[PDB]
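Undergrad:
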Amino acid sequence: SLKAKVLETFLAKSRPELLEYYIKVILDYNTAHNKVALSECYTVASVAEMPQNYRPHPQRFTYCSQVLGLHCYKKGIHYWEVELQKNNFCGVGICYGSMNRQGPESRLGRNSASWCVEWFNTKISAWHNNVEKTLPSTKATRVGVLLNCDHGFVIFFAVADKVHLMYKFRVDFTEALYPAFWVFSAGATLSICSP
Amino acid sequence: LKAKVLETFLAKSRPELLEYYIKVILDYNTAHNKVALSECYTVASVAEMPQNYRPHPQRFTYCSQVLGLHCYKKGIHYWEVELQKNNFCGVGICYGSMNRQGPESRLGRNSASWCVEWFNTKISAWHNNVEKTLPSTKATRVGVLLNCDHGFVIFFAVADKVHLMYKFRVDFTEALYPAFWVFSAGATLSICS
Amino acid sequence: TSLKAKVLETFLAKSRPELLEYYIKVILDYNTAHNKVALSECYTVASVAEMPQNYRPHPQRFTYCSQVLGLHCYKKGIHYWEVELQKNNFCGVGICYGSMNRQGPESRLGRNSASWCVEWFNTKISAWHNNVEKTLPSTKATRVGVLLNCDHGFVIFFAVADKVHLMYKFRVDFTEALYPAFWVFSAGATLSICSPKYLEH
Amino acid sequence: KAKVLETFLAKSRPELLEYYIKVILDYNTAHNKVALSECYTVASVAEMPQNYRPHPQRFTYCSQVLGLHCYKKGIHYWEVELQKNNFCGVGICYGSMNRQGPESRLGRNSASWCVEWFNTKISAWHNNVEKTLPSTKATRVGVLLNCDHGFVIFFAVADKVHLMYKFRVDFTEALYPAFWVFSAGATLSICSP
Amino acid sequence: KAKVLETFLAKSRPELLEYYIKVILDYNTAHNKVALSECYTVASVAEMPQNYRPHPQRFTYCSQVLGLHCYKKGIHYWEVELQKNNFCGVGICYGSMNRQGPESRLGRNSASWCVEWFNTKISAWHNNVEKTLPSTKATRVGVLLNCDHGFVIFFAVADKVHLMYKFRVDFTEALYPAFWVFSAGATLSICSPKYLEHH
Amino acid sequence: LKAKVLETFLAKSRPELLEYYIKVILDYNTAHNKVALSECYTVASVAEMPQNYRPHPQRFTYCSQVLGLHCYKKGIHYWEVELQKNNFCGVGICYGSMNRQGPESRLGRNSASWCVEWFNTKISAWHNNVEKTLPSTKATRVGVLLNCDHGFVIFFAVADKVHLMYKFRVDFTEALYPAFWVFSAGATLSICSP
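Residue numbers (the numbering used here), protein chains in the order written: chain S, 55 to 249; chain L, 9 to 201; chain U, 4 to 204; chain W, 102 to 294; chain V, 4 to 202; chain Z, 197 to 390.
#1: Note down, in chain order, all residues in the region 86-110 of chain V with a beta-carbon under 7 Å from any beta-carbon belonging to chain L.
#2: My output table needs one value for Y75(S): the three-state DSSP class, helix, strand or coil.
#3: Taking only beta carbons into account, state which residues of the region 101-115 of chain S come closer than 8 Å to chain L, listed in chain order.
#4: Can a CB atom of chain W be found closer than 8 Å to the CB of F157(U)?
#5: Please determine, among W119(U), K137(U), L15(U), the residue with the shortest C-alpha to C-alpha distance to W186(U).
#6: Does the region 106-113 of chain W come into contact with the region 188-201 of chain U, if we say contact requires no fewer than three beta-carbon pairs (one atom in each stretch) closer than 8 Å?
#7: By the criterion of Cβ-Cβ separation under 8 Å, what are the contact partners of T135(V) in chain L?
#8: Counting C-beta neighbours from all protein chains within 10 Å, is the total for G192(W) 16 or more, i.e. buried, or is it exposed?
#9: What residues of chain U sit near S236(W), judged by a beta carbon separation below 9 Å?
#10: Can you give me, in chain order, the residues of the region 80-96 of chain S that have a beta carbon less than 7 Å from any beta carbon in chain U?
#11: Identify every residue that forms a DSSP beta bridge with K232(W).
#12: Sort out for me which residues DSSP pairs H263(W) with in a bridge.
#13: By how many angstroms is the C-alpha of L341(Z) removed from the C-alpha of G347(Z)?
#14: So which of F180(L), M106(L), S105(L), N60(L) has the shortest CA-CA distance to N84(S)?
#15: Do the CB positions of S105(L) and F68(L) come within less than 8 Å of each other?
#16: Using 8 Å as the threshold, is the C-beta distance between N92(U) and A192(U) below it?
#17: In whole angstroms, give me the CA-to-CA distance for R108(L) and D162(V).
#18: Report the three-state DSSP secondary structure of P59(V) (helix, strand or coil).
#19: Per the DSSP calculation, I131(S) is bridged to which residue(s)?
#20: By the criterion of Cβ-Cβ separation under 9 Å, what are the contact partners of residue 207(U) in chain S?
#21: Is it right to say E88(L) is buried, meaning 16 or more other beta carbons lie within 10 angstroms of its own, or is it exposed?
#22: Can you tell me where the alpha helix (DSSP H) holding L8(V) begins and where it ends?
#23: What residues from chain U crowd round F379(Z), counting only those whose CB sits closer than 8 Å?
#24: If I'm right that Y221(S) touches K187(S) with Cβ under 8 Å, what's the distance once you round it to whole angstroms?
#25: Is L153(L) close to chain S? Criterion is C-beta to C-beta, closer than 8 Å.
#26: Helix, strand or coil for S301(Z)? Go by DSSP, reduced to three states.
#27: Please report whether the beta-carbon of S129(U) lies at a distance below 8 Å from any beta-carbon of chain Z.
#28: Using a C-beta cutoff of 8 Å, does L197(L) count as contacting chain S?
#29: Sorted by chain position, which residues of the same chain lie with C-beta nearer than 7 Å to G198(S)'s C-beta, five sequence neighbours on each side aside?
#30: Just checking my contact of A52(U) with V71(U) at CB under 8 Å: how many whole Å lie between their CB atoms?
#31: What residues match up with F252(W) in a beta bridge as DSSP calls it?
#32: Closer than 7 Å by beta-carbon distance: list the chain Z residues that pair up with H165(V), in chain order.
#33: Are the beta-carbon atoms belonging to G98(L) and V124(L) less than 8 Å from one another?
#34: Using a cut-off of 8 Å between C-beta atoms, extract the partners of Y26(U) located in chain L.
#35: Nearest to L112(U) by CA position, among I27(U), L181(U), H204(U), is which residue?
Next comes the structure, spelled out in C-alpha cells:
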C-alpha cells in the first residue's frame, strides 16, 4: 500500500497496455564488442563469423560479447521487445552507463550495474550482482522489458500469444539505464522489434 | 520516364512531397576517416581528428563522404537535409558501384552520381564531372525527390515554400543510395524529421 | 616505485581513445578572465581582444596576466581535456590551485608554486612550475591533452596529433582542488576547448 | 634507523590496532570551553564556558584537553573521529607543555606535535611551523606513537589508511594524547565501539 | 634537355633564391571579394564586397587576383605564405585566360597550372585534370618558372625544400603569377625573403 | 661620487647624451638562426625561415638575440634603439662570458646581463632572473647610457624629450656588449643614426 500499488498494476498489464510505453531502441556501434555484428539499421545484434576489428573507444566492451542502446532513461516508463533465436546462449537486460566495459565482471548481470534475463539454450535465468535465479522454461522467442524510472522497477516479460512475468527487480536507480544485449553462441541473434 | 508526371512533381508543395517520405540513416561503414556521425546516425560532420574507423571496402578513403544504408530501384522517395548556412557540402544520390577511392569518388565527378553542391554561397549541380551554375538561395535545407518509376530526381530548396534547384531525367541502371559530402571545419549535414 | 610510479607509467603509455575515457567538458569562467581576454562560442574559446571587455571587478579576476580558468575544479578522480591552439602565437595551457594570487607577474602560469603549465613562446615550448623552466622539444601538434589524476597526484601534458606524445608531467600530492588554467598573449592568439567528435553528441 | 619507520608507514589498519590503547580524557586538564561526555571519551565545545575548578593541570588559555596516561616506552595507536567541517586538532605533548598563555596552543610550541582542521584545509604543526597537508574525506585520524624508535605518524582512516604526516624526534619525556576543539560544532570522539 | 630540369628539381632554397623577383598584386584583376593589403602583397577574402571599378581584365566569378608583371623569357622564383587550414590556390596563367565563368578557376583551363589546398588535401590542376599530392606541414610554396626551357615547379618550402609538382610545357605566351583565396579566413602573402638584402 | 655623477646623467638632455654617442653595428657571428640582419648591420628582425648561419661558439642557439661587435670596459657610451610599437623585444648589455645556449642565455635571466623588455605593452627591467615591473610609455625608442668609469647603466625612454625607465649601479667585472632580443613575427630593433 505505497507505490508497490504501481508495481502490482504493471505486473498485471497485457501487451496493448505495455505498448503504451513503446520506445525505439537503436544499438550503439561504439559499445559493440568485436564479436558482435550490427545490422538492419543497427536493430539486430549477432555473433559475427569472425571478430570485426572495430576502433578503440571508451564506450566499447573489450571482454564480453555485449552491446548497448544509444539512449538511456532516468525518468518515465519505457517498454521495448527483443526477438531471440531459440536454442542459443544470449541475454537481454539494462545497465548503468558506469558499468565497466573491461574484465570478466563487465558481463551483463555479473555486477551491481546490470540486470538481465539469460538463455543457456532452453534453461532461463535472471541475474544481478552475480546472483543467478533459475526460472521456469518458456517456448517464447521474445522478451519485453518494462523500465519504470519514476517508481524504480524493471520487469522482464515472456511474450507469446499472451504475456507472462519472467522476473522483476525493485531498485532505487542511482543513474540512467541503457538497454543491454549479450550474444554468445555462433547462431545467437537479438532483433529489437519495431512495429 | 513520362514528361507529364515530371511537371506534376515540380509543382508539388512540401505536404504533397512529404507523402513519399522515407527515413534515411547513415551507413557507419561508408563514412570517411574525418566524418563523425551523431544523433543516432543522422548527422555527418567534419572532424579535425582522425576517427580511425576500421578498413572496409565500402569506406570512402579520400573524400569526406558517407551514404545511407538503403538504396531504391522502384517507387517514389523524398528526404530532407538541413545544412550549416556558410559551409561546403553536397547532397545527392549514387549507384552503390560508385568508386570509394581517389578524387574520382567526389559526388557529381563520375557517371555513378548526381548532386547539388554548396561552395559557401556558390551553388552548383554536378553529374559525370559536368558543372551547372544555379542561382544562390537563403534556404538552409534541400529536399531530394527520387522517382525510380519514371526515372528522375529533383533537388528542391526548402524554405517557407519549396523552390526548384535542379533535376536529372535518367534511366537508372541500378539502385540509388542517398549520398552526403561535408568538407570544411564546422560543416555538417543533418537528415530531417 | 610500486603503486604511485606504476599507475603513472600506465597513464603515460595510454592512447587518445584510452585518455578520452576520462573526458570532462571544461567551461571558461567570465569571472576570472583578464580585461584583454574575450570569451566566445559558449565560453569555449579564449582570444586576445584588441580593446578591453570591461568585465565586473571580481576578486577571482586576473588583473595583470592575460589568463582565465575553467568554472569547475577537481580534488578527486581522473580528468582529461583537449585544447586546440593557433600555430605561431604566445599561449599556455595549465592547471592551478584556487589560492593562486591573481595580481602581478607572479600570477603568470608556472611562475608560482600554485600552478603548472606548458607554454608556447615564439616557436619554443617550456614546462613551468614554481618559476622553474624546462625546455621541451618543438612539435607540429596544434592540440594539447591535459590528464589530471587527483586520486594518485600527477598531471600529464600530451601533444595530440595522429598519436598522442608526452610533452611533460609533474608528480605532486595536491593540497587543494585544481582549476584548468589558460594564457593567451599575442594580437591573434586563441585557445579552444575541444568537444571531441570521437565521443557521442 | 628509518627501516622501522618505513615498516610502520606501510602498515594497514589491522596491523596498527596491534598497538591499540584505551585513551580517556583528563577532566583536570580540560579548558572551561571544552565539554566532556560519553565516558570522558568525547571533547566538544560547550555552548557556554563550564567554570571548572582551578587546577595546576588545567589549560587556562587554549580550548584543549589531554588523556590521563602518558608513554615514554613502547608503540601505541589510537583513533579519533571528528566532525568534518569544523576547527580542531589531534596531537601529543610533553606533560611539561605550558597550560598558560598563547604559547600553550597545540603545535605552537616545541613541546607538541599535531594535525589540524581549519574546516576543509588540513595542517601539521610543531614549534609554530605550519605544513599544508593533502585534504581527504577521512573523518578519523589514527595516531601511532613509537617512543622506542622516536617518531609519531598521523594516518587518515577511511576504507584504507593514508599518511597525513610524521615527525622524527628524540622524545625527552613521556607524551600525552592532546585534543583541540575550536568551532561551535567541533567534536573529537576517541574510538573503541 | 631533361638534364636542366633534373638540376632545378635538385636545387636548395639558397640556389632557387638566385632567381627571386618581386611580385605585386594587380588591383585591376582582383574579384570584388579579394581585398589587397600591405602594398599589394597580401590577398585576403574581404567580409564586404570591396567595390573596385568594373574592368575586362577583372575576375567576375572566382576569388582570384594576378601579378602586375608577366614573363615570356628568363628564370623567376617567388614564394607565397598561406594560412594552414584554408581553400587557396597558387599558380601561373597566360594573360588570355578567361576572367568570367567557372572555366576561369585556376587549373580548370589550358591557360593555367596551379597547386590547390582543399582544406587538408593538396592538388595539382592543369586543364580540368587533377593530380593528388602528398600532404605537407609547410605553410609556404615556391614557384620556379623557367620560361627558357619550358617548365614550372611548385616547391613546398620548410626547413629544406620539397617537390610538390612540376609541369613541362612549350609555353605560347607570357605567364602571370595567379592566386586563389576562398574561405572566410583565407590569406596569401607574397614573401620578401629576409635571406636576401634590405638596405 | 658614483651617485653625484649618476644625478648629472639623469639630468642630461638628448643632445648632452649624444656627446657620448657610439656607432653600434651587429655581430653576424652572434645572430640566432631566425634573426636576420639588414641596413648595413643596423636592423635585427625576426625571420620566419632559418638563415643557415655557420656554426660559431659566439652564436645564440636558443634565444632570438644578437650582440654589437664592440664592448666597453672604460668610458661613457650612449646609443639608441627604435622599436616597432606593438611587439616583443629587449635592449640591454651583457658580458662576453654570458652563455649563448638555452633559456638561461635570455637577456636579464643571468647575472651577466641587464636589459629592459617589451612583452607587447608590459615593460620590465631584468637582471639575474629578477623582474621589476615598469610603467608603460608611448615612446618607441630607448636610449642606453653605459658609464664604465663609475659603474652604472641607465635605460631612457626617448620621445620629444628623455625620461628614466630604469638604472642599475654595478661594479662591472668585464667589458659590456650591446645586446638585442626580437621574439615575435615582424618584431625589429633599429640602431639609430644622427
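Heads up, the beta-carbon is just placed ideally off N, CA and C, and yes, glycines get one too.
TA: So, to answer that:
#1: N88, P105
#2: As a position in the first sequence, residue 75(S) is number 21, starting the count at 1. If DSSP states are grouped into helix, strand and coil, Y75(S) belongs with the helices.
#3: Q106, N107, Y108, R109, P110
#4: One-based indexing of the third sequence puts residue 157(U) at position 154. Not one chain W Cβ lies under 8 Å of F157(U).
#5: In the third sequence, the residue the question calls residue 186(U) occupies position 183. Cα-wise, what sits closest to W186(U) is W119(U).
#6: no
#7: Walking along the fifth sequence from the start, residue 135(V) turns up at place 132. Going along chain L in sequence order, the residues near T135(V) (Cβ under 8 Å) are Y70, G110, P111.
#8: Numbered from 1 along the fourth sequence, position 91 holds the residue referred to as residue 192(W). Label assigned to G192(W): buried.
#9: Counted from its first residue, the fourth sequence places residue 236(W) at position 135. Near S236(W) (Cβ distances below 9 Å), the residues of chain U are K78, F177, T178, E179, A180.
#10: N84
#11: On the fourth sequence, position 131 is the one that residue 232(W) refers to. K232(W) is bridged to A225(W).
#12: One-based indexing of the fourth sequence puts residue 263(W) at position 162. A257(W).
#13: Position 151 of the sixth sequence, counted from the first residue, corresponds to residue 347(Z). Position 145 of the sixth sequence, counted from the first residue, corresponds to residue 341(Z). In a straight line, the C-alpha of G347(Z) is about 11 Å away from that of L341(Z).
#14: Counting from one through the first sequence, the residue named residue 84(S) turns up at place 30. For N84(S), the nearest C-alpha among the options comes from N60(L).
#15: In the second sequence, residue 105(L) corresponds to position 97, counting from 1. In the second sequence, residue 68(L) corresponds to position 60, counting from 1. No; because the gap between Cβ atoms is not below 8 Å, this pair is not in contact.
#16: On the third sequence, residue 92(U) is found 89 positions in, with the first residue counted as 1. On the third sequence, residue 192(U) is found 189 positions in, with the first residue counted as 1. In contact: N92(U) and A192(U) (Cβ atoms closer than 8 Å).
#17: The residue given as residue 108(L) occupies position 100 in the second sequence. The residue given as residue 162(V) occupies position 159 in the fifth sequence. Taking the straight line joining both Cα atoms gives about 35 Å.
#18: Within the fifth sequence, residue 59(V) is the residue found at index 56, counting from 1. If DSSP states are grouped into helix, strand and coil, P59(V) belongs with coil.
#19: To locate residue 131(S), count along the first sequence from 1; it is residue 77. By DSSP's assignment, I131(S) forms a beta bridge with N202(S).
#20: One cannot answer for residue 207(U) here, as it falls past the ends of chain U, which runs 4 to 204.
#21: In the second sequence, the residue the question calls residue 88(L) occupies position 80. The Cβ neighbour count for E88(L), taken over all protein chains shown within 10 Å, is at least 16; the residue is labelled buried.
#22: Within the fifth sequence, residue 8(V) is the residue found at index 5, counting from 1. That run of the alpha helix (DSSP H) goes 5-12.
#23: Taking the sixth sequence and counting its residues from 1, the one referred to as residue 379(Z) is at position 183. Scanning chain U for C-beta atoms nearer than 8 Å to the C-beta of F379(Z) yields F124, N125, reported in chain order.
#24: As a first step, residue 221(S) must be located in the first sequence, where it is residue number 167. As a first step, residue 187(S) must be located in the first sequence, where it is residue number 133. 7 Å between Cβ atoms; contact.
#25: The sequence position of residue 153(L) within the second sequence is 145, counting from 1. Judged by the 8 Å Cβ criterion, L153(L) is not in contact with chain S.
#26: By one-based count along the sixth sequence, residue 301(Z) stands at place 105. In the structure shown, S301(Z) sits in a helix (DSSP, three-state: H, G or I).
#27: Your numbering for residue 129(U) matches position 126 in the third sequence. Yes, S129(U) lies at the interface with chain Z (some Cβ there is under 8 Å from its Cβ).
#28: As a working mapping, residue 197(L) is identified with position 189 in the second sequence. Chain S, which has no Cβ nearer than 8 Å to the Cβ of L197(L), makes this no.
#29: Here the question's residue 198(S) lines up with position 144 in the first sequence. Closer than 7 Å at Cβ, skipping near neighbours: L72, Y133, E135, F211, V213, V217.
#30: By 1-based counting over the third sequence, the position of residue 52(U) is 49. By 1-based counting over the third sequence, the position of residue 71(U) is 68. Going by Cβ atoms, the distance from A52(U) to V71(U) rounds to 12 Å, so no, they are not a contact pair.
#31: One-based indexing of the fourth sequence puts residue 252(W) at position 151. Answer is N247(W), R269(W), bridged to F252(W).
#32: Counted from its first residue, the fifth sequence places residue 165(V) at position 162. Listed along chain Z, no residue sits closer than 7 Å to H165(V) by beta-carbon distance, the nearest being about 14 Å off.
#33: Reading the second sequence from its first residue, position 90 is the one you call residue 98(L). Reading the second sequence from its first residue, position 116 is the one you call residue 124(L). By the CB criterion at 8 Å, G98(L) and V124(L) fall inside the cutoff.
#34: Reading the third sequence from its first residue, position 23 is the one you call residue 26(U). The contacting residues do not exist; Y26(U) stays about 13 Å from chain L at best.
#35: Taking the first residue of the third sequence as 1, we reach residue 112(U) at position 109. Of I27(U), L181(U), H204(U), the residue nearest in Cα terms is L181(U).
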